[PDB]
Amino acid sequence: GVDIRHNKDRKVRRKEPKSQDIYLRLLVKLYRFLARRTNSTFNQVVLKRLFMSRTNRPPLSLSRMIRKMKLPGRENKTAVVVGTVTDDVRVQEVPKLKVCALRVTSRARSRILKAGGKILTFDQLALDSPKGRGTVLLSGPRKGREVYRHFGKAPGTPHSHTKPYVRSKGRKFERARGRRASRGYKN
Amino acid sequence: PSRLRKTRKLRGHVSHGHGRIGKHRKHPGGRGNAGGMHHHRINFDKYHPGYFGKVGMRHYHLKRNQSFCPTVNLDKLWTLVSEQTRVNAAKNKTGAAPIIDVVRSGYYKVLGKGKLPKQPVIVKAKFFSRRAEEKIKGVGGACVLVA
Amino acid sequence: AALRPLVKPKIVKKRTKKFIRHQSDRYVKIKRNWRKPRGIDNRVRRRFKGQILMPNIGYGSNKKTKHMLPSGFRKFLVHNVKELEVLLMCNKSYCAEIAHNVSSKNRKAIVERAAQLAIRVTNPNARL
Amino acid sequence: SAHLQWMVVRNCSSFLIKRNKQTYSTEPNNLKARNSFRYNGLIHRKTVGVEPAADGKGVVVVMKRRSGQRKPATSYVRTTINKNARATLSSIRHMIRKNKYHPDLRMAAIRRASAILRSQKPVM
Amino acid sequence: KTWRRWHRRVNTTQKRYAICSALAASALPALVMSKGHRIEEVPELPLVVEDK
Amino acid sequence: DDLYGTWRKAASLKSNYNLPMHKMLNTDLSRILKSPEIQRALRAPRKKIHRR
Amino acid sequence: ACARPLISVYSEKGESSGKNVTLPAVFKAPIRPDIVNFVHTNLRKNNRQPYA
RNA sequence: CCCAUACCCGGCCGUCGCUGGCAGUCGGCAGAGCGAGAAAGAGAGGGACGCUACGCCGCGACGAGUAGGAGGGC
RNA sequence: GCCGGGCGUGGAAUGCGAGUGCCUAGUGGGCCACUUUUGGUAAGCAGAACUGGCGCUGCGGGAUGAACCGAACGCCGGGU
RNA sequence: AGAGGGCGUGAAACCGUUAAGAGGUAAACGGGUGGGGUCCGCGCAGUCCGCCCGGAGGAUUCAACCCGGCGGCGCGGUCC
């Protein structure tokens, strides 16, 4: 008789990707090796991020990484992002880049490579930098999905600016009693 | 796949995943969206505020084509023309500014949502905002109206 | 004179009797195959003294001797002579077993071929 | 490539057979017939294969040349060996050890050849 | 009921993706063996014959 | 080369199709893991087994 | 795929003629069984007859 | 002095944890180590087994269960 | 309210990795006991507080026993 | 005909019979052994495997060379 609780002794985390993609499953075979035989904690983060679901590795825009690479103590390092690099049409000039991502959209290749940049894949990243030396590990906006605007405290609550689920928006869809001070009350 | 569904794992278990005490009866709370002002009052206040009541003017014969005005921001304004057009202006030395016909692309109103590259344009649109007019003027362009 | 295995370890089983379904003796509609009782008052379910035993994972045999025959081998079903060339490199670990529906003219080709490849057969003296 | 194609056939191939809690591969040039990465014959660019001789006396050793990789008609080279037991073992040991041709398979291919030679030895 | 959803639809790019992955695996002389095909003697795997 | 095209020459007989991209160029990690670039950045294998 | 090899056309009698065709780039596409097994087990449902 | 499914000791099964270890099978293009209390360099001027990596291996700790939930079913 | 600069003996003992977000079933008749306690002559009565039980739980003991005393359970050998 | 005119296969409940065993706390069951059958083990003189020594044989016989063929690697430090 031991007085403990087995409620949360099984840690909930991914230990291998649910995806059956063999090219993804080959990368994990490569980085499982690099994570445990190098003391570099960079590879442990990349290993953990390869397991994650698509909703946990959101796309990195092209202008976001430009915004993060124009920071001072940089511009020689390499851009490493486990998600995918989409092209941002609302930026005009493109500096030359050294990018490593899982997947690059067709327009974002042509716009990067036209600027004399360089696109890398994760097998070529390990060849050029095994321990992750001189790289900047980035991530797209994780809570930028439309879904999180419904989360939080429920709507119809004091100071709970949360988007409700409505089948269509209009003047006669959730503009009455809970919302107008003239109709009953409001929050 | 019926072989992946839950009912395959409920075979043998008596209540079939619906409890012995509170059995799976036909309709315990009523059919549909019932009890709005009644025994389901809390659910409609906590998750659908504003569901009950009327507001506004009843417009009878709404013809959606009249109120049609698809806007375009100034951020993606140059995406309406080719990259050849955008480069041949910064290379041009006569000050010759390209004309962007917005209506041709499909939009009507121009709103100014961001920065602009400093080279003049003459946007042939149908509606403008105030701030949108400022950005185009301040760059050095012109705002021409068309119907 | 037999084809002795690699090593013959002392097999030790935690239980040798089968598990019977609850009340499988009192009825003929209740077959012997184990079904976990889910009744709310069932004695067997709530582990009373002197009842039928419920199979746990605690009765799991040793992994060193799991699926091991008394002869220190492990079975492998075989349908034709071509499915024997697999086992010519596991001679001291895996025995061969000719499948049921293999005819009598094909059984007396497998057994002596399995005598050439030195693979043990668990049902050699077949229909014959 | 080799590591790639293994993922495609690790669990779905016409040479794989699973039953009785075991797993086997009936591939031609797969000594030990094991469903393994090392021992698969279709996967790698350099494979070793030891089959019984066509008459029933001796062994043939199958090596795979490196030139023809997508030309299967000429890729595999076979050399029939019919010598004594100590000489046949030393001949297939030198083709592996003194050619650097899957040196992790020398002892494994020696077992298979010895097992074949003992089979071709007269029965009691 | 007759109005069970029988037919399924797949994106046109994935339909084209599957043709790419199918043709490329018909160029590896190892996957064609594992599919069963007795081609242990064919001269070259991406077998091309004359227009005659 | 006209129904699917190369990676730098889009397919002529499709609307705007082009081949899919590769998620990793150098596929065989065997030739990778035995490289001097990797093998210099690895701590020594602690393979001496420790039983109770 | 640092290069695309050269495939030889075979004549009607089995010999290899003088001509040589460049290996098309489609044969170098990624090998995705998961997509092939997805697309195949969703296009096989479109020839299906109803029953009720 | 007697004995419980409790406690100690030992075996075996399983789960959980160490997000543990192993691509180093590096062989006459060889030279067999990384259990070491102490932030860091065995640095250059003919030879068993193995590793279905979705595999294998080592340590600890833990194990009741209706309604209910999930995972695995060669 | 801003900047800027300087100070770690981490300023009680003990123990332990935490934080955080989704989706969510069942339930919404309970019952018993030490102590406190209201109505009632009282009740295996009705109604509460606190904690633990039973329900969902076998086991050793109380001959017998939903709740008491001990003690909570993978399958086994030895000891206690 | 162990396919005999509602006739392919011919299960269970149930019944008849034969064979075996038992029989005053209804039967049946769990755990533990014991006895008895049943067949099986094709059990009954119990291991092969290398390696070296000793004694009797028999081969076309080893090493090293010569010619032909095939293969591997090449940092040929930089072959065409």
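Residues numbered from 1 in each chain as written, not as in the entry; some residues may be left out. Chains lettered and ligands numbered in written order. Part of a larger assembly, values for the part shown. Heavy atoms only, no water.

- cryo-EM is the method the PDB entry states for this structure, with the resolution given as 3.1 Å.

- As annotated in the PDB entry, chain B carries the name 60S ribosomal protein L27a and is attributed to Oryctolagus cuniculus.
- Regarding chain B, the relevant UniProt record gives this comment under Subcellular location: "Cytoplasm".
- UniProt, in its Sequence similarities section for chain B, records the words "Belongs to the universal ribosomal protein uL15 family." (UniProt positions renumbered as here; feature names shortened; annotations may be inferred.)

- You'll find chain A entered in the PDB entry as Large ribosomal subunit protein eL18, with Oryctolagus cuniculus given as the organism.
- Under the Function heading, UniProt states for chain A: "Component of the large ribosomal subunit. The ribosome is a large ribonucleoprotein complex responsible for the synthesis of proteins in the cell."
- The UniProt entry for chain A carries this comment under Subunit: "Component of the large ribosomal subunit."

**Remarks on the arrangement of the chains**
Piece 1. The structure contains twelve pairs of chains in contact, of which chains E and G account for the largest number of contacts.
Piece 2. Chain B makes no contact with chain F; the smallest distance between any of their C-alpha atoms is 18 Å.
Piece 3. Kept free of each other, chain B and chain G leave a smallest C-alpha distance of 12 Å between them. (Contact = heavy atoms within 4.5 Å.)

**Structural notes on the protein's contact with RNA strand H**
Piece 1. Taken together, 65 residues sit near RNA strand H, with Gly 1 of chain A, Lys 6 of chain B, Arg 97 and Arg 106 of chain D together with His 50 of chain F positioned nearest.
Piece 2. The sugar and phosphate moieties of RNA strand H supply 68% of its atoms located within 4 Å of the protein.
Piece 3. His 18 of chain B is positioned with one of its backbone polar atoms (N or O) 3.0 Å from a phosphate oxygen of RNA strand H.
Piece 4. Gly 19 of chain B has a polar backbone atom sitting 2.8 Å from a phosphate oxygen of RNA strand H.
Piece 5. Residue assignment for the surface near RNA strand H shows that the elements contributing at least two residues are α1 (22–37) of chain A together with β2 (22–25), α3 (85–97) and α4 (106–119) of chain D. (Near = heavy atom within 4 Å. Polar contact = N/O pair within 3.5 Å; in protein donor to acceptor, adjacent residues only side chain to side chain. Helix = DSSP H or I, 4+ residues; strand = E, 2+ residues; numbered from the N terminus.)

**What about unusual backbone geometry?**
Piece 1. A positive phi angle, close to 60°, is found at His 67 of chain C, a residue other than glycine.
Piece 2. Take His 67 of chain C: it is sitting in the segment before β1 (77–78).
Piece 3. Of note, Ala 33 of chain D is a non-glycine position whose phi angle comes to about 50°, a positive value.
Piece 4. With respect to the secondary-structure elements, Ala 33 of chain D resides in the loop between β2 and β3 (48–52).

**As for the environment of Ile 92 of chain D**
Piece 1. Within the secondary structure, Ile 92 of chain D sits in helix α3.
Piece 2. Of the residues examined, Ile 92 of chain D reaches a relative accessible area of 3% and is grouped as buried. (Buried < 20%, exposed > 50% of the residue type's maximum accessible area, 1.4 Å probe, protein only.)

**A look at the interface of chain E and chain G**
Piece 1. Counting residues at the interface gives 26 residues for chain E, matched by 29 residues for chain G.
Piece 2. Surface buried jointly by chain E and chain G totals about 2600 Å² across both partners, of which 66% is contributed by carbon and sulfur atoms.
Piece 3. Broken down residue by residue, the surface that chain E buries against chain G is led by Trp 6, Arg 8 and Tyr 17 of chain E, which jointly contribute 24%.
Piece 4. Our count for the contact surface shared by chain E and chain G stands at two salt bridges.
Piece 5. As a salt-bridge pair, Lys 52 of chain E and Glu 12 of chain G come within 3.2 Å of each other at their nearest N and O atoms.
Piece 6. Counting every contact that joins chain E to chain G gives eleven residue pairs in polar contact.
Piece 7. Secondary-structure elements contributing two or more residues to the side of chain E that touches chain G are α1 (12–25) and β1 (48–49) of chain E.
Piece 8. Here the side of chain E that touches chain G takes nine residues from α1 of chain E, the largest share from any one element.
Piece 9. Partitioned by chemical class, the residues of the side of chain E that touches chain G number 14 nonpolar, five polar and seven charged.
Piece 10. Where β1 of chain E meets strand β1 (residues 6–10) of chain G, two bridges bridge the pair, whose relative direction is parallel. Bridging from a neighbouring strand, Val 49 of chain E pairs with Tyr 10 of chain G of β1 of chain G. (Buried area = accessible area lost by both parts, 1.4 Å probe. Salt bridge = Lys/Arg side-chain N within 4 Å of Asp/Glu carboxyl O. Nonpolar A, V, L, I, M, F, W, Y, C, P; charged D, E, K, R; others polar. Pairing = 2+ DSSP bridges.)

**Things to note about the packing of aromatic side chains**
Piece 1. Counted under the stated rule, the structure contains twelve aromatic pairs over all chains.
Piece 2. Consider the rings of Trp 6 of chain D and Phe 37 of chain D, whose centres lie 6.1 Å apart with planes at 75°: the pair is edge-to-face. Here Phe 37 of chain D lies in the loop between β2 and β3 and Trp 6 of chain D lies in helix α1 (residues 2–9), a separation of 31 residues in the sequence.
Piece 3. When the centroid spacing of 6.4 Å and the interplanar angle of 80° are considered together, the rings of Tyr 4 of chain F and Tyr 17 of chain F count as edge-to-face. Separated by 13 residues along the polypeptide, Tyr 4 of chain F in the segment before α1 (30–33) and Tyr 17 of chain F in the segment before α1 bring together distant segments of the chain.
Piece 4. When its relative accessible area of 16% is taken as the criterion, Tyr 4 of chain F is described as buried.
Piece 5. We note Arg 15 of chain C situated over the ring of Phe 19 of chain C; from NZ or CZ to the ring centre the distance is 4.7 Å.
Piece 6. Looking at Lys 14 of chain F, its charged tip hangs above the ring of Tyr 4 of chain F, at a distance of 4.1 Å from the centre. (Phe/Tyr/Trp six-rings, centres within 6.5 Å; stacked < 30°, edge-to-face > 60°. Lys NZ or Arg CZ within 6 Å of the ring centre and 35° of its normal.)

**Overview of the protein's contact with RNA strand J**
Piece 1. If you check the shell around RNA strand J, you find 13 residues, and the closest are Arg 15, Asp 25 and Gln 51 of chain C together with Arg 66 and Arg 86 of chain D.
Piece 2. In RNA strand J, the atoms that sit within 4 Å of the protein are 89% sugar and phosphate, with bases accounting for the remainder.
Piece 3. Here a sugar or linking oxygen of RNA strand J and a side-chain polar atom of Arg 4 of chain C are 3.3 Å apart.
Piece 4. Between a sugar or linking oxygen of RNA strand J and a side-chain N or O atom of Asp 25 of chain C, the distance comes to 2.3 Å.
Piece 5. For the surface near RNA strand J, a count of residues per class yields three nonpolar, three polar and seven charged.

**Let's talk about the pattern of salt bridges**
Piece 1. For the structure shown, the criterion picks out 18 salt bridges over all chains.
Piece 2. Residue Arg 90 of chain A is joined to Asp 88 of chain A by a salt bridge in which the shortest nitrogen-to-oxygen separation is 3.3 Å.
Piece 3. Shared partners join several salt bridges into a network, and the residues in it are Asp 21 of chain A, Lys 23 of chain F together with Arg 32 and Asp 34 of chain G.

**Focus: the sheet that holds strand β4 (residues 122–125) of chain B**
Residue and element names in this part refer to chain B.
Piece 1. Sheet architecture is open: three strands sit in the order β2-β4-β6, paired in parallel fashion. The sheet is open, and its two edges are formed by β2 (99–101) and β6 (142–145), each paired on a single side. Ignoring which end each strand starts from, the neighbouring axes of this sheet average 20° apart.
Piece 2. Across four bridges, β4 lies against β6 in parallel orientation. Considered in β6, the bridge of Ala 125 is made with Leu 145.
Piece 3. Across the sheet, helix α5 (residues 130–139) touches β4 and β6, and the angle it forms with β6 is around 130°. (Axes fitted to C-alpha atoms, helices over the stretch in contact; angles between N-to-C directions.)

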